[PDB]
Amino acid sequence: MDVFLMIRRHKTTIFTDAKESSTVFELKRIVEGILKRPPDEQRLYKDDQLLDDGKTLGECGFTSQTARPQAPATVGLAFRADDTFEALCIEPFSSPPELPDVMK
């Protein structure tokens, strides 16, 4: 069963799909295909809890009803600046306008 995710770092957000049985390690390989940075250089987080490679998406929390196509689950990503890994920093999206009078 697929989980639909948004892997996010700074102002880079990736829309990909993965199997609930996929390992977190395997997820880092998919990012390596796109951002060309190795798994040893990636740290994946769910909210701010860090994920372990051998755990599977399911076990981390990503599940069919939490990771739906139309409402995917956010997976945080932090890259490795040489010896130490940067802090997870995901920059948010822009806020929307005040709901117009006619609509409320």
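Numbering starts at 1 and follows the sequence shown. Basically, rigid core = biggest C-alpha set you can superpose within 1.5 Å across the two forms.
Trainee: 74-82 versus 58-66: which one's CA atoms end up farther from this form in 6 other deposited structures of this protein after a core fit?
Mentor: When 58-66 and 74-82 are compared in 6 other deposited structures of this protein, 74-82 lies farther out.
Trainee: Quick check: 73-81 versus 48-56, which has the larger average CA B-factor in the record?
Mentor: Comparing 48-56 with 73-81, the higher mean C-alpha B-factor belongs to 48-56.
Trainee: Averaged over C-alpha atoms, is the B-factor higher for 64-72 or for 31-39 in this PDB entry?
Mentor: Mean CA B-factor is higher for 31-39.
Trainee: Among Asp17, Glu91, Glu86, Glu20, where is the Cα B factor highest in this entry?
Mentor: Of the candidates given, the C-alpha B-factor peaks at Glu91.
Trainee: By the recorded C-alpha temperature factor, relative to the other modelled residues in its chain, which third is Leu99 in?
Mentor: It belongs to the middle third of the chain when residues are ordered by C-alpha B-factor.
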